Every structure is written in C-alpha cells, then in structure tokens.
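Below is the file work.txt, which contains compact mmCIF, C-alpha atoms.
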# COMPACT_ATOMS: atom_id res chain seq x y z
CA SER A 241 10.76 -19.38 -26.63
CA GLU A 242 12.10 -15.85 -26.19
CA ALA A 243 8.80 -13.96 -26.21
CA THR A 244 6.83 -16.76 -24.54
CA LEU A 245 9.11 -16.72 -21.49
CA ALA A 246 9.20 -13.85 -19.03
CA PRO A 247 12.48 -12.30 -17.88
CA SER A 248 13.96 -12.29 -14.38
CA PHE A 249 10.79 -13.50 -12.61
CA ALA A 250 10.44 -9.91 -11.42
CA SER A 251 7.85 -9.40 -14.15
CA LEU A 252 5.86 -12.20 -12.44
CA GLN A 253 6.77 -11.03 -8.91
CA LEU A 254 4.71 -9.46 -6.17
CA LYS A 255 5.29 -8.32 -2.60
CA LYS A 256 1.93 -7.26 -1.11
CA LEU A 257 -0.19 -10.29 -0.18
CA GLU A 258 -3.97 -10.12 0.34
CA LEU A 259 -3.72 -11.13 4.00
CA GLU A 260 -7.40 -10.90 4.71
CA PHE A 261 -7.50 -9.56 8.32
CA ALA A 262 -6.72 -10.32 11.95
CA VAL A 263 -10.07 -10.45 13.69
CA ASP A 264 -9.67 -11.02 17.43
CA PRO A 265 -10.97 -14.34 18.85
CA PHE A 266 -12.37 -12.63 21.96
CA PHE A 267 -14.61 -10.67 19.59
CA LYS A 268 -15.76 -13.91 17.94
CA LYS A 269 -16.66 -15.45 21.30
CA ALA A 270 -18.37 -12.26 22.52
CA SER A 271 -20.57 -12.31 19.41
CA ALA A 272 -21.69 -15.84 20.25
CA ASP A 273 -22.26 -15.18 23.96
CA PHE A 274 -24.13 -11.86 23.59
CA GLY A 278 -29.06 -10.03 25.26
CA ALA A 279 -29.29 -8.86 28.88
CA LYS A 280 -27.94 -12.23 30.01
CA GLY A 281 -24.79 -11.74 28.00
CA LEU A 282 -24.67 -8.18 29.37
CA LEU A 283 -21.05 -7.83 28.05
CA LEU A 284 -19.82 -7.59 31.64
CA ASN A 285 -21.08 -11.11 32.48
CA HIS A 286 -19.49 -12.24 29.36
CA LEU A 287 -16.05 -10.88 30.09
CA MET A 288 -13.32 -12.32 32.20
CA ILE A 289 -11.11 -10.62 34.69
CA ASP A 290 -7.36 -10.32 34.31
CA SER A 291 -4.31 -11.11 36.46
CA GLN A 292 -3.39 -7.42 36.48
CA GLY A 293 -6.98 -6.64 37.49
CA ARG A 294 -8.68 -5.51 34.26
CA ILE A 295 -11.30 -6.81 31.83
CA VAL A 296 -9.86 -8.59 28.79
CA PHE A 297 -11.43 -7.79 25.42
CA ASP A 298 -8.22 -7.04 23.49
CA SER A 299 -5.85 -10.00 23.18
This entry written out as structure tokens:
Amino acid sequence: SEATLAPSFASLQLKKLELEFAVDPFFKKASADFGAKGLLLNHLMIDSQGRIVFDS
C-alpha cells in the first residue's frame, strides 16, 4: 500500500481555484435592456449621491 498511497496530502493539494469570474449584474441587465430606446442613459438609474450607477 506504500506506493499506491500518496504522502502528506500535499502531493494531492492545490491552492489556486478556477474561480471563473465576477461579471457585474448591472452589466447583465444592461445587455438585456439595450437600441435607441435603451439609449444607455434611459437604461441607467440615478444614485443617492447624484451619479449614474453602472459599477456595483
């Protein structure tokens, strides 16, 4: 069983996961809502500070 087993579990380890990506939900909604009626400023929403929110 010596050579069939691996030692320490570090030989079967890993530390970098394939954590696909983050894509923003505002982007996903803007894709669905936008041509000339989804002008991308009709589409957007205002903010409490007083800006246009595309980045979450």
Expressed in Å, the length from CA of residue 246 in chain A to CA of residue 259 in chain A is 26.5 Å
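In this structure, CA of residue 258 in chain A sits 27.9 Å away from CA of residue 244 in chain A.
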Got a sec: who's within 8 Å of range 265-283 of chain A, counting all atoms listed in the file, leaving out chain neighbours fewer than 2 positions off, as JSON, numbers by chain?
-> {"A": [263, 285, 286, 287, 297, 298, 299]}
Okay, now the selection with C-alpha atoms, as a short mmCIF file (atom, residue, chain, number, x, y, z; two decimals), keeping the file's coordinate frame?
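What ended up in part_38.cif:
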data_model
loop_
_atom_site.label_atom_id
_atom_site.label_comp_id
_atom_site.auth_asym_id
_atom_site.auth_seq_id
_atom_site.Cartn_x
_atom_site.Cartn_y
_atom_site.Cartn_z
CA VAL A 263 -10.07 -10.45 13.69
CA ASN A 285 -21.08 -11.11 32.48
CA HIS A 286 -19.49 -12.24 29.36
CA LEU A 287 -16.05 -10.88 30.09
CA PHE A 297 -11.43 -7.79 25.42
CA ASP A 298 -8.22 -7.04 23.49
CA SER A 299 -5.85 -10.00 23.18
#
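As for CA of residue 242 in chain A and CA of residue 256 in chain A, they are spaced 28.4 Å apart.
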